[PDB]
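Everything below concerns the one structure shown next.
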Amino acid sequence: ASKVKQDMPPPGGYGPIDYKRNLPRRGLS
Amino acid sequence: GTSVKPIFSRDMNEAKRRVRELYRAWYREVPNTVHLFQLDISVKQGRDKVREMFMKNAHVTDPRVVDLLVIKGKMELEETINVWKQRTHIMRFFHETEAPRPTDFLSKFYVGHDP
Amino acid sequence: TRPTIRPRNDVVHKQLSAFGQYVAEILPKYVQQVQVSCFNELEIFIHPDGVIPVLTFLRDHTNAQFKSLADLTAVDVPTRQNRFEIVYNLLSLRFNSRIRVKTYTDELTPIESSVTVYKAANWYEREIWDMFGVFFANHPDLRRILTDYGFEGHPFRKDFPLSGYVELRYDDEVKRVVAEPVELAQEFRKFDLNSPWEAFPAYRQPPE
Amino acid sequence: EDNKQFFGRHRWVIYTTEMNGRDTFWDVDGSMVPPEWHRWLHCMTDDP
Amino acid sequence: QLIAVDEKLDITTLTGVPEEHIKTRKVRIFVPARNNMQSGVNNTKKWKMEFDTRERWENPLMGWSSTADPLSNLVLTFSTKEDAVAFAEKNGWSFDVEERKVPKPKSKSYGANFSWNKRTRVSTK
Amino acid sequence: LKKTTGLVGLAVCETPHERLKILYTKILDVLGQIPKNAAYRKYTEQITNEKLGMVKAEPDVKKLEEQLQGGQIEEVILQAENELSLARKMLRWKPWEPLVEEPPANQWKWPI
Amino acid sequence: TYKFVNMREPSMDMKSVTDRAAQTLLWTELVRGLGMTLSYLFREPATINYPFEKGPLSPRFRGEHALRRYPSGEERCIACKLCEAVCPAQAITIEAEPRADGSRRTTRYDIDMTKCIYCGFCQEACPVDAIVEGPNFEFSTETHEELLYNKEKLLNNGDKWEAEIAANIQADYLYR
Amino acid sequence: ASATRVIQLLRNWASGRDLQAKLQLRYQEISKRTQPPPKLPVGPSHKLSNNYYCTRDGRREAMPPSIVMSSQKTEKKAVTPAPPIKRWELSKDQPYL
Amino acid sequence: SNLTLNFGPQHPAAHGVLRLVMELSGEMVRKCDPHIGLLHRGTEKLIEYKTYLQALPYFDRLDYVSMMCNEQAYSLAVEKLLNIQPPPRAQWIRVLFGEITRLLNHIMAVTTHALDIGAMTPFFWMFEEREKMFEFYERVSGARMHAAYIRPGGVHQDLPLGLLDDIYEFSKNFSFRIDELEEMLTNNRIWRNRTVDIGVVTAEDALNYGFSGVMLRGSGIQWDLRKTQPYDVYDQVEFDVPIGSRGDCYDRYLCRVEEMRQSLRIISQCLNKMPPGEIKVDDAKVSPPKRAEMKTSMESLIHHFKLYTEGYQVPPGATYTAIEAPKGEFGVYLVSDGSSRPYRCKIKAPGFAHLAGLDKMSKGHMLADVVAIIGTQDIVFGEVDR
Amino acid sequence: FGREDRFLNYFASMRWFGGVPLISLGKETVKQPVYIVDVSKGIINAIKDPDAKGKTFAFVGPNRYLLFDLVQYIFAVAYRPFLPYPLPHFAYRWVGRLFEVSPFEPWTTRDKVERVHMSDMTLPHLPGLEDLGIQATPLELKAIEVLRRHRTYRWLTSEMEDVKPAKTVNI
Ligand SMILES: C=C(C)[C@H]1Cc2c(ccc3c2O[C@@H]2COc4cc(OC)c(OC)cc4[C@@H]2C3=O)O1
Ligand code: SF4
Ligand code: SF4
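Those protein sequence lines, which keep their order, are chains S, Z, H, F, P, X, W, C, Y and U. Residue numbering for the first sequence is 1 to 29, as defined by my numbering. Residue numbering for the second sequence is 1001 to 1115, as defined by my numbering. Residue numbering for the third sequence is 2001 to 2208, as defined by my numbering. Residue numbering for the fourth sequence is 3001 to 3048, as defined by my numbering. Residue numbering for the fifth sequence is 4001 to 4125, as defined by my numbering. Residue numbering for the sixth sequence is 5001 to 5112, as defined by my numbering. Residue numbering for the seventh sequence is 6001 to 6176, as defined by my numbering. Residue numbering for the eighth sequence is 7001 to 7097, as defined by my numbering. Residue numbering for the ninth sequence is 8001 to 8386, as defined by my numbering. Residue numbering for the tenth sequence is 9001 to 9171, as defined by my numbering.
Right under this line is the structure:
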């Protein structure tokens, strides 16, 4: 009478995944 | 009546004049093809091949079929002139690697199971 | 009926039926039939002489404006008098819809080229010429597109054999790639798979 | 093995210098690995 | 704008088929017989066009079945007999046509199994 | 006022109201030469009269675009030109006539 | 919902103008790219030391074919010909007959590895788990005729790779 | 990565970001190559009763296409194939790149 | 007279087997004539001799850069003709692997486009990520690229018990790789002079020439099939459609990079919202039963036999099913006569129309510009030639 | 003679020495060269011929030419300047001895010298290619496929009908 074991996300969810462009300032005047 | 639609020709006279102009074009083009493709055949051989190719379809009496054959011949000539074809495509018209398949009854009886 | 059956949308069904009403009404001269399939796809069967008018209407009318030509293909049905069935699939971005226009022809009757209506057809018709042998009148450049140079025949016809009539190999004597009658080490094995019991009674035909 | 390496370099084999009949000091290939160590080496399992 | 062609339709020159596969081939137009291993009759509805069997030999390597007939796997499906005949005629193939066979209607009766005087009575049930 | 319509090759049309009025009036004029019982004539006059009234009744460009549902009025002008061209082609083609020919007996019968 | 990729304009203040002029005349973005390439140089490469190191694989990996046996040594194949029927590439040739003890067994089982597409449909169709695609992929040959497998070659492949094939099936059969 | 701190600072300055936070190579943060067995739940139609196939037969619900004025067989407001498409919105998340 | 030149097929910049016959006045292109069919294998005629399951691997080989997408399109068409529905978990897996496939395809396209121009390094940088994604493919299916995972009833097998975590670990580091690629290319002035105002096509010309995908969105046309005609759980994910302004190579490059970012977004959402349940339609007359049931149940064995020998019969009818593949609208016109074999299967690939429009797009440009245009059209000849 | 022969290529390669040394100007020697494909077809037909068991065949070409005319035609096909000079037998034998010394394939040898300057025999009592169903191919139809490789760029596209075949001393 075992329970269902299946590939699922963990309780709650996964951590945030960064996707926006990130090009730092990295410059002088 | 049969209620049929033309492609280019109304009767066999227009089809025949189209055939004649295509033959003129091929006859003119053969020497240039021989020089460009560096063929080992003669110009007379190539013109005989052109004549034989034209004569294979001498039995057609439908102007529509004749028009379609002329269209296909124009496409072949365009491929040859633009050098889209290679030497292999030009030389496939002569069948120089195929052994002569016999025609009479006894040879067919001697070689294989089929007529 | 819920989990494993595809849901039905009747709003789109009614909309497509009404537009078929509209198209068949505007063009009685060419439209021969209008159909809507149960998965919400609209088909219009027209006389061949109306390839250029109907398409132009579907491209240029304000209520239609099907401004994209998704595909243009042919189907071979050897049992029909008109052997080849020509299919146009059009997409309307303004109304987010798709339409299908089908006509017919045989081996000797040409069809007006729709390159003027749709510039995308230029290659498509060439493929139909290459694969099926359907000639298109008034084409800017009609020639073979997919087969080899000097290839005889139109392979997509049902009577054309699967493996063709010739095969290529390199010959060392003539020092070139040559073509010879096809021979196979192992013949393609034909399987008779059709079951002797019908599956779908809804498509049963009259008992002849 | 060396678990401090990144995935791909964490397991490896040094081949023998003499297989069935030939000298394999310089001539080595991946077909010399027996099936059990083959399963271990290609990370199909975590157990040798 | 019509031209009113007269003679029989012939597209043999436009098909790319070698001559030996037109003048020497014989096609059969028929309705396939029911497979007696089964009772279903769904495969006896359409007409079929097939070609005559050619030579098959065995490969020197691996002993597979080699062929040289390009039309050995070609079967065409038609609605009526005259459609197939027209297709064969316009493609330049000689044909043999076998007329359709149907099982004649039979008079069945369950009561005949228990006849009072006829031979129809069954020994066992 | 507006800059960069956003579609490449479609320039901003300054003062589109009178351009749309001209286009719709030309479409109506060319439809006047089509037989009255033709479905194309009645349908196209209906929709173009609706559009012309909408154009006349709104001076603002943004509100006119919202009501017309035609997608960024420069495209509405393009569609008006397309409709005028189609009307001329329809006048030459005359497809309100009855069906030119019926198909063969079993041309559209599927399967087989 | 949509966004614009290239629909921005630069500022016109003299500070931004001088910044752009310095970028043009001193090549700052080229130096940034040079910097990026330089960063990679000090990083550890992703190269593995093949053949002494091997790429990661999975139990589901399908490579060279093999015919298996029962623990007693009897061949699992019962000549049902489902693998031949399902084969997309028609790469399986099977001939069968009754054995000396009446067992249903094959006399010919050939797989053309130059015809095969390694889709694994044959091991899904098999009802007795006789034909499998093993873990091996390093079986390149020097002649075309060496890639035409017969029943002896496939049985030898099974006998050679059974230890690992059984372990892979043990870790996978609960997903099938 | 086993790189020294000086080299790490050099790479971080050259690229302008922090590299050790996100490393291309997978070291030990990955899943185990040996996993426990699954259970794989069954589908909805695994009932013992009230499960006749005729009530869940998708293929037999297909019909031949409906015929809308076959040719062989009142103002009438005009229609479009579908309602006009609604205009798109400009990405409250990030409208400009 | 102009000089006639053969570009390909044995050319690094020909992207495979393409014979571009060009007439040149100097290095200025006067006409491009694309000769194709050097990879024409007769896929459609071959499909006409297979069952619906047997014909599935052909679609993997059609666009060998985006495989699960072709599988999904064919499966959607066959499902529509069968009047069946995939389970929700199957649909979520399909969308997840479609987005992974989109990432693979965009990496391939951008890196080889830059390779043609002369930027050789981002190719190496991003093919490591491509290798990790092939590891995902192999783990779920057993093949690195030709998975045959997506079936016309769902998917073949369930995800292994550690795949989602590994996909998550991959997904939280890919934005940095995109950022490094953008640092190399986006603001480089050489890249801009190579790509800006090259191959500009107007929106109306793009519509009439049959373009789709980025080729449309580079011109500013707001069209995306996943947003306008959703075909899966795509109507439950949130993302933005990148839209260009100038219709040139640079705008399309920016659009593809932003589509990679949005694919990362969709992948995150799919990882969060994966539901439980079965993976294929619970109808054994379409999808095979589980091997245990096949080995213990009579009906399961009969259905396994008949599915793997003959296959399911599809009701007669014709459909045109299209999806938003990474290269554009990928479609199939499928005609079924009621048997277990397709009667006709026409495959519509965006590359066909794009390559037909290459000659229009190359007007008034140089040889290097034509190389850039070929790169930016994102052409793979497996689908153009079929 | 053929593409890989040491008969046409041998004579064509002597252009590298400026002049062509011919013993007695090549006027005392008669040659009857045969095509390679003819020889191969004859061997095949002899394999398949049931009555060719203990027979001896002589495969010869259809035309006989003097060595001078043959070499002149060879140089005319390759469009190379023909500058022949007579060399005494002893001196040209000495040249062959000098060339024999090489540890590789010799350019010429004394035996090659003797075989080149010797007339082809006439054997009218032996069967030939016609007895095997083979019609001999004359040199004039297959010389271009061998000697086009020995042309410069300017003459590389000249046709076969441009050489005016040489004189044949037949009967
Ligand atoms: C040179 C290194 C960095 C890489 C790049 C590369 C190879 C080997 C081969 C090729 C290649 O790139 C070129 C250009 O891009 C594609 C794209 C293709 O598919 C889209 C494709 O399929 C045939 C072929 C190609 C070329 C193909 O010759 O190694
Ligand atoms: S893997 Fe696929 S192609 Fe290869 S033998 Fe098995 S079923 Fe046939
Ligand atoms: S390998 Fe399996 S499927 Fe193939 S014949 Fe043997 S038992 Fe049947």
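We put the beta carbon where it would ideally sit given N, CA and C, even for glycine.
Check: residue 6045 of chain W C-beta below 8 Å from any heavy atom of ligand 1
no
Would residue 6160 of chain W and residue 6109 of chain W be called neighbours here (beta carbons separated by less than 9 Å)?
no
From residue 8108 of chain Y to residue 8264 of chain Y, what distance separates their C-alpha atoms?
16 Å
Buried or exposed: residue 8292 of chain Y, going by 16 or more other Cβ atoms within 10 Å of its Cβ?
The C-beta of residue 8292 of chain Y has fewer than 16 other C-beta atoms within 10 Å across all chains shown, which makes the residue exposed.
I want to know whether the region 7005–7024 of chain C touches the region 6128–6148 of chain W - three or more CB-CB distances under 8 Å.
No, the region 7005–7024 of chain C is not in contact with the region 6128–6148 of chain W.
Going by alpha carbons, who is nearest to residue 2135 of chain H out of Z:1084, Z:1106 and Z:1069?
Closest by alpha carbon: Z:1069.
List the endpoints of the continuous alpha helix (DSSP H) containing residue 1107 of chain Z.
1105–1111
So residue 8268 of chain Y is in the alpha helix (DSSP H); what residue range does that whole segment cover?
8249–8272
Proximal chain Y residues relative to residue 2138 of chain H, where beta-carbon distance stays under 7 Å
Simply none; closest approach about 18 Å.
Do residue 8197 of chain Y and residue 8250 of chain Y have their beta-carbon atoms positioned less than 9 Å apart in this structure?
yes
Can we count residue 8020 of chain Y as close to ligand 4, meaning its CB is less than 8 Å from some heavy atom?
Ligand 4 is absent from the structure shown, which contains only ligand 1, ligand 2 and ligand 3.
Residue of H:2186, H:2024, H:2011 and H:2046 minimising C-alpha distance to residue 2111 of chain H
Among H:2186, H:2024, H:2011 and H:2046, the Cα nearest to that of residue 2111 of chain H is on H:2046.
Can you tell me whether DSSP reads residue 8335 of chain Y as helix, strand or coil?
strand
Can you find a CB in chain Z that lies within less than 9 Å of the CB of residue 2181 of chain H?
Chain Z, which has a Cβ nearer than 9 Å to the Cβ of residue 2181 of chain H, makes this yes.
Taking beta-carbon pairs under 9 Å, can you tell me which members of the region 8214–8226 of chain Y lie near chain D?
In the displayed structure, chain D is absent; the protein chains listed are S, Z, H, F, P, X, W, C, Y and U.
Throw me the rounded Cβ distance for the residue 2164 of chain H and residue 4015 of chain P pair, which I believe falls under 8 Å.
About 12 Å separates the CB atoms of residue 2164 of chain H and residue 4015 of chain P; that is not less than 8 Å, and the two are not in contact.
Put residue 8113 of chain Y into one of helix, strand or coil per three-state DSSP.
helix
Buried or exposed: residue 4037 of chain P, going by 16 or more other Cβ atoms within 10 Å of its Cβ?
exposed
Is residue 7948 of chain Y near ligand 1, judged by its Cβ being under 8 Å from some heavy atom?
Outside the displayed range of chain Y (8001 to 8386) lies residue 7948 of chain Y, so it cannot be described from this structure.
Cα-Cα separation between residue 3957 of chain P and residue 4009 of chain P, rounded to whole angstroms
Outside the displayed span of chain P (4001 to 4125) sits residue 3957 of chain P, for which this structure offers no information.
Show which residues of chain Y have a CB atom less than 9 Å away from the CB atom of residue 6082 of chain W.
8304, 8305, 8308 and 8309
Under three-state DSSP, which class holds residue 8350 of chain Y?
helix
Just the chain Y side, please: which residues come within less than 7 Å of residue 6062 of chain W by C-beta, in chain order?
8142 and 8143
Note down, in chain order, each residue of its chain lying with its Cβ closer than 6 Å to the Cβ of residue 2086 of chain H, except the 5 sequence neighbours on either side.
2074 and 2103
For the region 8284–8300 of chain Y against the region 8167–8185 of chain Y, are there 3 or more C-beta pairs whose distance is under 8 Å?
With a cut-off of 8 Å, the region 8167–8185 of chain Y and the region 8284–8300 of chain Y do not count as touching, because too few Cβ pairs lie within range.
Does the region 8002–8013 of chain Y come close enough to the region 7082–7095 of chain C that 3 or more CB-CB pairs lie under 8 Å?
no
State yes or no: is the C-beta of residue 1062 of chain Z within less than 9 Å of the C-beta of residue 4019 of chain P?
Not in contact: residue 1062 of chain Z and residue 4019 of chain P (Cβ atoms no closer than 9 Å).
Looking at C-beta atoms only, is the number of pairs between the region 1102–1113 of chain Z and the region 2183–2203 of chain H that lie closer than 8 Å three or more?
Taking 8 Å as the limit for Cβ pairs, the verdict is that the region 2183–2203 of chain H does not touch the region 1102–1113 of chain Z.
Tell me whether residue 8361 of chain Y sits in a helix, a strand or coil according to DSSP, three-state version.
helix
Does the CB of residue 7021 of chain C have a neighbour CB from chain W at under 9 Å?
no
In whole angstroms, give me the CA-to-CA distance for residue 6164 of chain W and residue 6066 of chain W.
12 Å
Just to confirm my understanding: we take residue 8301 of chain Y, look at its own chain, exclude 5 residues before and 5 after, and list those with CB closer than 6 Å. What are they?
So the list reads 8294, once near-sequence residues are dropped.
Going by the C-beta, is residue 8115 of chain Y closer than 8 Å to any heavy atom of ligand 1?
yes
Going by the beta-carbon positions, is the gap between residue 8286 of chain Y and residue 7060 of chain C smaller than 9 Å?
At the C-beta level, residue 8286 of chain Y and residue 7060 of chain C stay beyond 9 Å of one another.
Beta-carbon proximity list for residue 3023 of chain F, same chain, < 6 Å, skipping 5 on both sides
There are no such residues.
Can you find a CB in chain W that lies within less than 9 Å of the CB of residue 25 of chain S?
Under the 9 Å criterion on CB atoms, residue 25 of chain S is classed as non-interfacial with respect to chain W.
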